[PDB]
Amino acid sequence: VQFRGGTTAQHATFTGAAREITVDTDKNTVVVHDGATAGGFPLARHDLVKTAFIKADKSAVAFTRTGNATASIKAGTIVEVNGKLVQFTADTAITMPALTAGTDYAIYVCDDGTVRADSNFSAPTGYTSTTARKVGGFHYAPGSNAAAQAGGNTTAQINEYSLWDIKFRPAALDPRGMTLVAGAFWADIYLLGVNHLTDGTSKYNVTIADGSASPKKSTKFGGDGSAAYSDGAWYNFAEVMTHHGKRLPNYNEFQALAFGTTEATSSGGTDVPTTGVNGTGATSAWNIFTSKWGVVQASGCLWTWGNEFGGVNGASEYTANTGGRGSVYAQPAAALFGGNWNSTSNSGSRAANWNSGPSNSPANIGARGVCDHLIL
């Protein structure tokens, strides 16, 4: 059985009968007629609404944490996947793999109507990237978010604030290892690691970048992937954040992201070499410094450079201290936030030092990334 048809040009001056259906052979679609409107009413092909992802609440993430190891996709969520229309009329549980402390997971809605998480960010086990659509993810932290203002524990669990979807997420290209602070912006859960090109900026249980362990040189700014910076200047850490679509925090962002940490308390000892791990000779465990949003080592471990200048100035003469990229005159300090392991009672969510010019490279300054919250 074939229906009445013709080109779009033939349809343009065609007022059919009421309830007549024809086929536009140029467009390969149906045109409905009403016996009055010339041209009729063409229907949409599926090609145009592929990649459709609709949520009932566009200003909230698509998933809900229901327990330490469990989560659900929300009701009224519709996801086009592999030509199919997969929807969830009620809250539906997400099928989890084995969960391992300090690991990021992707959530997929598959063409068979199921929803599931996986450590693989191309495709979940038993599927391909065609039959399973990556729609979001979360971080499975090594410890809880702070319930009050005394840090958290060492019980691994899903960080509820780390839940992102493809329309509710970090603006940074890579959303992994980040958490949403008070609904306003995202922060890296972990301090920047040396090997941030392969690991991303925010990873559990890696060597922390600082003035004595400089980060890998950005491949977007002359790095080859092996080379590191010679030191931990503000300039270098800032460059690394730009590489990853992030920036260093300002004071408003830092006090927000670090809230929940144990205030006026430092790690103690002689160093904090590693993210999410007790420091060298430390008197407080890493989890003492977990913020309400699951920011790990949020204060009292290492200063983070900040994206703000002020305080003590350098010399009022040109000083070539930018790694060979010009000189500075009356250069103000770049902000340092949080305090370090040796700061005793000066550390906190509002701890700030404005005595270091951006060229300084001590062992006790690293960096934490932040970025804008993106709704699509």
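Residue indices: 1-based, along the sequence shown.
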Report summary line: Comparing 258-266 with 126-134, the higher average Cα temperature factor in the PDB entry belongs to 126-134
Report summary line: Mean B factor on CA atoms, stretches 59-67 and 338-346, record says higher is 59-67
Report task. Pick out which of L173, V181, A150, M96 has the highest C-alpha B-factor in the PDB entry. Result -> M96
Query raised in the report: Which one of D104, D199, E253, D112 shows the top CA temperature factor in the record?
Result: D112
Report task. Ordered by C-alpha B-factor within the chain, which third holds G16? Give me lowest, middle or highest, please. Result -> highest
Query - Within-chain third of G83 by Cα B-factor, per the entry - result: highest
Requested in this report: Rank-wise, by C-alpha B-factor, drop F121 into the lowest, middle or highest third of its chain.
Outcome: highest
Query raised in the report: Hey, what third does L248 fall into on Cα B-factor, ranked over its chain?
Result: lowest
Requested in this report: Ordered by C-alpha B-factor within the chain, which third holds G193? Give me lowest, middle or highest, please.
Outcome: lowest
